[PDB]
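Source file: my_file-v4.txt; contents: compact mmCIF, N, CA, C and O atoms.
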```txt
# COMPACT_ATOMS: atom_id res chain seq x y z
N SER B 1 -51.86 42.20 -91.63
CA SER B 1 -52.55 43.28 -92.36
C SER B 1 -53.75 43.77 -91.55
O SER B 1 -54.40 42.96 -90.89
N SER B 2 -54.05 45.06 -91.61
CA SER B 2 -55.22 45.67 -90.96
C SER B 2 -55.80 46.78 -91.83
O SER B 2 -55.06 47.63 -92.33
N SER B 3 -57.12 46.80 -92.01
CA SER B 3 -57.82 47.71 -92.91
C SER B 3 -59.09 48.26 -92.27
O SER B 3 -59.83 47.51 -91.64
N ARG B 4 -59.36 49.57 -92.42
CA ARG B 4 -60.54 50.24 -91.85
C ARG B 4 -61.12 51.26 -92.83
O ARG B 4 -60.39 52.05 -93.43
N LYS B 5 -62.45 51.23 -93.01
CA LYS B 5 -63.20 52.03 -93.99
C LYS B 5 -64.53 52.53 -93.40
O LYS B 5 -65.25 51.76 -92.76
N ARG B 6 -64.88 53.80 -93.64
CA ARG B 6 -66.12 54.46 -93.18
C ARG B 6 -66.63 55.52 -94.17
O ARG B 6 -65.83 56.20 -94.80
N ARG B 7 -69.05 52.48 -90.02
CA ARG B 7 -67.66 52.06 -89.91
C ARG B 7 -67.51 50.55 -90.09
O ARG B 7 -68.34 49.77 -89.62
N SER B 8 -66.42 50.12 -90.73
CA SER B 8 -66.10 48.71 -91.00
C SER B 8 -64.58 48.48 -90.95
O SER B 8 -63.80 49.38 -91.26
N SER B 9 -64.14 47.30 -90.52
CA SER B 9 -62.71 46.96 -90.45
C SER B 9 -62.44 45.46 -90.38
O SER B 9 -63.29 44.68 -89.92
N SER B 10 -61.24 45.05 -90.78
CA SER B 10 -60.76 43.66 -90.71
C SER B 10 -59.24 43.60 -90.53
O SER B 10 -58.52 44.54 -90.89
N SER B 11 -58.73 42.51 -89.95
CA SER B 11 -57.31 42.32 -89.64
C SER B 11 -56.90 40.84 -89.72
O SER B 11 -57.75 39.95 -89.62
N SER B 12 -55.62 40.55 -89.92
CA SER B 12 -55.08 39.19 -90.06
C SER B 12 -53.60 39.08 -89.66
O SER B 12 -52.88 40.08 -89.66
N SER B 13 -53.14 37.87 -89.33
CA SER B 13 -51.72 37.55 -89.11
C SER B 13 -51.38 36.08 -89.43
O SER B 13 -52.28 35.25 -89.58
N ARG B 14 -50.09 35.76 -89.57
CA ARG B 14 -49.58 34.42 -89.92
C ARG B 14 -48.21 34.11 -89.32
O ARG B 14 -47.35 34.99 -89.24
N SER B 15 -47.94 32.83 -89.07
CA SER B 15 -46.59 32.27 -89.08
C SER B 15 -46.58 30.86 -89.68
O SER B 15 -47.02 29.91 -89.05
N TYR B 16 -46.02 30.71 -90.87
CA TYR B 16 -45.41 29.43 -91.22
C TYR B 16 -44.09 29.32 -90.45
O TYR B 16 -43.33 30.28 -90.38
N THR B 17 -43.80 28.16 -89.87
CA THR B 17 -42.54 27.93 -89.15
C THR B 17 -42.14 26.45 -89.23
O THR B 17 -42.99 25.57 -89.17
N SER B 18 -40.85 26.15 -89.35
CA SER B 18 -40.37 24.78 -89.54
C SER B 18 -38.95 24.58 -89.01
O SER B 18 -38.21 25.54 -88.79
N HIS B 19 -38.58 23.32 -88.76
CA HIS B 19 -37.32 22.92 -88.14
C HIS B 19 -36.92 21.50 -88.58
O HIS B 19 -37.78 20.67 -88.83
N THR B 20 -35.62 21.20 -88.63
CA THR B 20 -35.09 19.85 -88.89
C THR B 20 -33.76 19.67 -88.18
O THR B 20 -32.94 20.57 -88.22
N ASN B 21 -33.50 18.47 -87.65
CA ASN B 21 -32.21 18.07 -87.11
C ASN B 21 -31.82 16.67 -87.59
O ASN B 21 -32.69 15.84 -87.86
N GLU B 22 -30.54 16.35 -87.55
CA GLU B 22 -30.03 14.98 -87.66
C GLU B 22 -28.76 14.78 -86.84
O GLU B 22 -28.10 15.75 -86.47
N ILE B 23 -28.41 13.53 -86.59
CA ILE B 23 -27.20 13.05 -85.94
C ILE B 23 -26.77 11.76 -86.64
O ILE B 23 -27.61 10.97 -87.09
N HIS B 24 -25.48 11.47 -86.64
CA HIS B 24 -24.94 10.14 -86.94
C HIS B 24 -23.71 9.89 -86.10
O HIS B 24 -23.04 10.84 -85.69
N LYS B 25 -23.39 8.63 -85.84
CA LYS B 25 -22.11 8.20 -85.27
C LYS B 25 -21.72 6.86 -85.88
O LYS B 25 -22.58 6.03 -86.14
N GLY B 26 -20.44 6.60 -86.05
CA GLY B 26 -19.95 5.30 -86.52
C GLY B 26 -18.60 5.00 -85.94
O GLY B 26 -17.79 5.92 -85.80
N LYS B 27 -18.33 3.76 -85.59
CA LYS B 27 -17.12 3.36 -84.87
C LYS B 27 -16.76 1.96 -85.28
O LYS B 27 -17.62 1.10 -85.40
N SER B 28 -15.49 1.69 -85.52
CA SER B 28 -15.05 0.33 -85.73
C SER B 28 -13.63 0.15 -85.24
O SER B 28 -12.83 1.07 -85.29
N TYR B 29 -13.33 -1.03 -84.74
CA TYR B 29 -12.09 -1.35 -84.09
C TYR B 29 -11.74 -2.75 -84.52
O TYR B 29 -12.56 -3.65 -84.38
N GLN B 30 -10.56 -2.97 -85.07
CA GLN B 30 -10.18 -4.27 -85.63
C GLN B 30 -8.80 -4.60 -85.15
O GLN B 30 -7.89 -3.78 -85.21
N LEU B 31 -8.63 -5.82 -84.66
CA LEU B 31 -7.47 -6.30 -83.98
C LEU B 31 -7.05 -7.60 -84.63
O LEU B 31 -7.89 -8.46 -84.93
N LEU B 32 -5.76 -7.77 -84.75
CA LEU B 32 -5.13 -9.00 -85.14
C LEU B 32 -3.95 -9.21 -84.23
O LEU B 32 -3.23 -8.27 -83.91
N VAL B 33 -3.75 -10.45 -83.86
CA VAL B 33 -2.56 -10.92 -83.19
C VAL B 33 -2.18 -12.20 -83.89
O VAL B 33 -3.04 -13.04 -84.12
N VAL B 34 -0.91 -12.38 -84.20
CA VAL B 34 -0.39 -13.65 -84.63
C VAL B 34 0.90 -13.85 -83.90
O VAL B 34 1.76 -12.98 -83.84
N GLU B 35 1.02 -15.01 -83.29
CA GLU B 35 2.09 -15.32 -82.43
C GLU B 35 2.48 -16.77 -82.60
O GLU B 35 1.66 -17.64 -82.82
N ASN B 36 3.75 -17.01 -82.49
CA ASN B 36 4.33 -18.30 -82.68
C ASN B 36 5.18 -18.54 -81.47
O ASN B 36 5.83 -17.61 -81.01
N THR B 37 5.25 -19.76 -81.02
CA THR B 37 6.17 -20.20 -80.01
C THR B 37 6.84 -21.40 -80.54
O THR B 37 6.29 -22.18 -81.31
N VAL B 38 8.09 -21.51 -80.21
CA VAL B 38 8.84 -22.70 -80.44
C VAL B 38 9.59 -23.05 -79.18
O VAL B 38 9.93 -22.18 -78.37
N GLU B 39 9.82 -24.35 -79.07
CA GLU B 39 10.58 -24.97 -78.00
C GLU B 39 11.58 -25.98 -78.57
O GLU B 39 12.61 -26.17 -77.95
N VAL B 40 11.36 -26.53 -79.77
CA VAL B 40 12.40 -27.09 -80.65
C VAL B 40 12.13 -26.63 -82.09
O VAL B 40 11.01 -26.79 -82.57
N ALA B 41 13.13 -26.18 -82.86
CA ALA B 41 12.92 -25.25 -84.00
C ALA B 41 13.38 -25.86 -85.35
O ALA B 41 12.66 -25.70 -86.33
N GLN B 42 14.53 -26.56 -85.40
CA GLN B 42 14.65 -27.61 -86.39
C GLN B 42 14.46 -28.82 -85.45
O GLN B 42 15.27 -29.09 -84.56
N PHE B 43 13.39 -29.55 -85.70
CA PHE B 43 13.29 -30.97 -85.47
C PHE B 43 13.51 -31.49 -86.86
O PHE B 43 12.90 -31.00 -87.81
N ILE B 44 14.44 -32.39 -87.02
CA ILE B 44 14.74 -32.93 -88.33
C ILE B 44 14.52 -34.42 -88.25
O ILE B 44 15.13 -35.07 -87.41
N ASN B 45 13.64 -34.97 -89.07
CA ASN B 45 13.55 -36.41 -89.30
C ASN B 45 14.63 -36.81 -90.29
O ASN B 45 14.95 -36.01 -91.16
N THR O 1 -63.45 58.22 -94.83
CA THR O 1 -62.03 57.91 -94.63
C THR O 1 -61.74 56.42 -94.80
O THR O 1 -62.48 55.58 -94.29
N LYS O 2 -60.63 56.09 -95.47
CA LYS O 2 -60.11 54.72 -95.63
C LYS O 2 -58.61 54.65 -95.30
O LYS O 2 -57.84 55.52 -95.73
N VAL O 3 -58.18 53.64 -94.55
CA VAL O 3 -56.80 53.39 -94.10
C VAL O 3 -56.48 51.89 -94.17
O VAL O 3 -57.30 51.07 -93.76
N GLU O 4 -55.28 51.51 -94.62
CA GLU O 4 -54.80 50.13 -94.56
C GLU O 4 -53.28 50.05 -94.33
O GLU O 4 -52.50 50.71 -94.99
N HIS O 5 -52.86 49.21 -93.39
CA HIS O 5 -51.47 48.97 -93.01
C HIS O 5 -51.15 47.47 -93.08
O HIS O 5 -51.96 46.66 -92.63
N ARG O 6 -49.99 47.09 -93.64
CA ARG O 6 -49.63 45.68 -93.90
C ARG O 6 -48.12 45.45 -93.81
O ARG O 6 -47.34 46.30 -94.23
N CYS O 7 -47.68 44.28 -93.35
CA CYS O 7 -46.27 43.88 -93.37
C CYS O 7 -46.04 42.37 -93.51
O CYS O 7 -46.90 41.57 -93.13
N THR O 8 -44.87 41.97 -94.00
CA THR O 8 -44.38 40.59 -94.00
C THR O 8 -42.94 40.52 -93.49
O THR O 8 -42.13 41.41 -93.74
N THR O 9 -42.63 39.46 -92.74
CA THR O 9 -41.35 39.26 -92.06
C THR O 9 -40.89 37.81 -92.24
O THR O 9 -41.72 36.90 -92.29
N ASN O 10 -39.59 37.57 -92.34
CA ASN O 10 -39.02 36.25 -92.57
C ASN O 10 -37.73 36.08 -91.75
O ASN O 10 -37.01 37.05 -91.52
N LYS O 11 -37.43 34.86 -91.33
CA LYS O 11 -36.24 34.53 -90.54
C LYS O 11 -35.74 33.13 -90.86
O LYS O 11 -36.52 32.26 -91.24
N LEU O 12 -34.45 32.90 -90.70
CA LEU O 12 -33.80 31.61 -90.95
C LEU O 12 -32.65 31.42 -89.96
O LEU O 12 -32.03 32.39 -89.53
N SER O 13 -32.34 30.18 -89.60
CA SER O 13 -31.18 29.86 -88.77
C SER O 13 -30.66 28.45 -89.02
O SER O 13 -31.41 27.58 -89.46
N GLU O 14 -29.39 28.20 -88.72
CA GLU O 14 -28.75 26.89 -88.83
C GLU O 14 -27.69 26.72 -87.74
O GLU O 14 -27.15 27.71 -87.23
N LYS O 15 -27.38 25.47 -87.40
CA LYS O 15 -26.28 25.08 -86.51
C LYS O 15 -25.73 23.72 -86.91
O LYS O 15 -26.48 22.83 -87.29
N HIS O 16 -24.43 23.51 -86.76
CA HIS O 16 -23.76 22.26 -87.10
C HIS O 16 -22.66 21.96 -86.09
O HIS O 16 -22.01 22.88 -85.60
N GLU O 17 -22.45 20.69 -85.79
CA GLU O 17 -21.36 20.23 -84.93
C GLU O 17 -20.83 18.90 -85.46
O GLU O 17 -21.57 18.09 -86.00
N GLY O 18 -19.53 18.68 -85.33
CA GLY O 18 -18.85 17.56 -85.95
C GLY O 18 -17.67 17.10 -85.12
O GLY O 18 -16.99 17.90 -84.48
N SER O 19 -17.43 15.80 -85.12
CA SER O 19 -16.29 15.17 -84.49
C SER O 19 -15.87 13.91 -85.25
O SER O 19 -16.71 13.18 -85.76
N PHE O 20 -14.58 13.62 -85.32
CA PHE O 20 -14.05 12.33 -85.74
C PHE O 20 -12.71 12.10 -85.05
O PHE O 20 -11.99 13.06 -84.78
N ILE O 21 -12.37 10.86 -84.79
CA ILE O 21 -11.04 10.45 -84.35
C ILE O 21 -10.68 9.12 -84.99
O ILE O 21 -11.55 8.30 -85.29
N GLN O 22 -9.40 8.86 -85.14
CA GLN O 22 -8.87 7.63 -85.70
C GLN O 22 -7.57 7.32 -85.01
O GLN O 22 -6.84 8.21 -84.60
N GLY O 23 -7.32 6.04 -84.82
CA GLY O 23 -6.14 5.53 -84.18
C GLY O 23 -5.67 4.29 -84.90
O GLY O 23 -6.48 3.52 -85.40
N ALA O 24 -4.38 4.07 -84.99
CA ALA O 24 -3.89 2.77 -85.36
C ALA O 24 -2.61 2.49 -84.61
O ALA O 24 -1.79 3.37 -84.39
N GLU O 25 -2.44 1.26 -84.21
CA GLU O 25 -1.27 0.75 -83.54
C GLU O 25 -0.81 -0.49 -84.27
O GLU O 25 -1.60 -1.31 -84.72
N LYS O 26 0.49 -0.67 -84.33
CA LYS O 26 1.09 -1.93 -84.69
C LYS O 26 2.13 -2.23 -83.66
O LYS O 26 2.81 -1.32 -83.19
N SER O 27 2.31 -3.50 -83.38
CA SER O 27 3.49 -3.97 -82.69
C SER O 27 4.05 -5.13 -83.47
O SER O 27 3.32 -5.94 -84.00
N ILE O 28 5.35 -5.27 -83.53
CA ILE O 28 5.99 -6.46 -84.05
C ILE O 28 7.11 -6.72 -83.10
O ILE O 28 7.82 -5.80 -82.73
N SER O 29 7.28 -7.95 -82.67
CA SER O 29 8.37 -8.31 -81.82
C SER O 29 8.83 -9.72 -82.03
O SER O 29 8.01 -10.61 -82.15
N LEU O 30 10.13 -9.91 -82.06
CA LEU O 30 10.74 -11.20 -82.12
C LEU O 30 11.54 -11.37 -80.86
O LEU O 30 12.43 -10.57 -80.57
N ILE O 31 11.25 -12.43 -80.13
CA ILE O 31 12.04 -12.95 -79.04
C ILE O 31 12.73 -14.20 -79.51
O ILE O 31 12.11 -15.07 -80.10
N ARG O 32 14.00 -14.31 -79.20
CA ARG O 32 14.81 -15.51 -79.45
C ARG O 32 15.56 -15.77 -78.16
O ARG O 32 16.04 -14.83 -77.54
N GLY O 33 15.61 -17.02 -77.74
CA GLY O 33 15.94 -17.39 -76.37
C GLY O 33 14.80 -17.13 -75.38
O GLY O 33 13.80 -16.48 -75.70
N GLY O 34 14.95 -17.64 -74.16
CA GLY O 34 13.99 -17.62 -73.05
C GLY O 34 13.41 -19.01 -72.73
O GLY O 34 13.40 -19.90 -73.56
N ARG O 35 12.88 -19.17 -71.52
CA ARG O 35 11.80 -20.13 -71.26
C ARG O 35 10.53 -19.55 -71.85
O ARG O 35 10.25 -18.37 -71.66
N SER O 36 9.71 -20.33 -72.53
CA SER O 36 8.56 -19.79 -73.24
C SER O 36 7.48 -19.24 -72.33
O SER O 36 6.62 -18.52 -72.81
N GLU O 37 7.54 -19.45 -71.02
CA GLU O 37 6.70 -18.74 -70.06
C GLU O 37 6.95 -17.22 -70.05
O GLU O 37 6.02 -16.43 -69.98
N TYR O 38 8.22 -16.83 -70.09
CA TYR O 38 8.66 -15.43 -70.02
C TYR O 38 9.04 -14.88 -71.38
O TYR O 38 8.86 -13.71 -71.64
N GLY O 39 9.50 -15.73 -72.30
CA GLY O 39 9.50 -15.40 -73.72
C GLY O 39 8.09 -15.03 -74.18
O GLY O 39 7.93 -14.01 -74.83
N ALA O 40 7.06 -15.75 -73.73
CA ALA O 40 5.70 -15.28 -73.84
C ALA O 40 5.54 -13.92 -73.16
O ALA O 40 5.08 -12.98 -73.80
N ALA O 41 5.94 -13.76 -71.90
CA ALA O 41 5.65 -12.53 -71.17
C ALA O 41 6.19 -11.28 -71.87
O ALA O 41 5.46 -10.32 -72.09
```

Produce structure tokens that represent the structure in this file.
Amino acid sequence: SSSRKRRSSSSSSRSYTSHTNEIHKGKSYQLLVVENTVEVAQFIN
Amino acid sequence: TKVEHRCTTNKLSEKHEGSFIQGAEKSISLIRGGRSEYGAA
């Protein structure tokens, strides 16, 4: 704003200003192994 | 004489970025016969 009257005058200015950011990451890895070996398969007592 | 001039101004902005991936594997295997060295292999 600027104002002048007669001599006299006044003036002004503004900035409000703002910012925001975010990040996320997520990771998961799950492994199973089940294994059997035999070399005699019926052993019978 | 009197004079007055005035203004107001406004602005906004946004940005977004996204990624996801998923994987799954299964294996099932039956070996019958072999030496267990290579039945293992």

Task: Residue nearest chain B - candidates O:37, O:4, O:25, O:17, atoms counted: only C-alpha atoms - done: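 Ranked by minimum distance to chain B, first place goes to O:4.
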
Output as JSON the centre and edge lengths (Å, one decimal) of the box along x, y and z of the file that holds every listed atom of region 12-20 of chain O after adding 3 Å on each side.
```
{"center_x": -23.2, "center_y": 22.5, "center_z": -87.7, "size_x": 28.5, "size_y": 26.8, "size_z": 12.5}
```

TODO: Hey, list the chain B side of the contact with chain O: 6 Å cut-off, only N, CA, C and O atoms, answer as a PyMOL selection string.
DONE: chain B and resi 1-6+38

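Atom pair CA of residue 38 (chain O) / CA of residue 43 (chain B) has a distance of 22.4 Å (rounded to one decimal).
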
Task: Test item, alpha helix (DSSP H) assignment across chain O, answer as a PyMOL selection string - done: chain O and resi 36-40

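Coordinates place atom N of residue 41 (chain B) at a distance of 18.1 Å from atom N of residue 41 (chain O).
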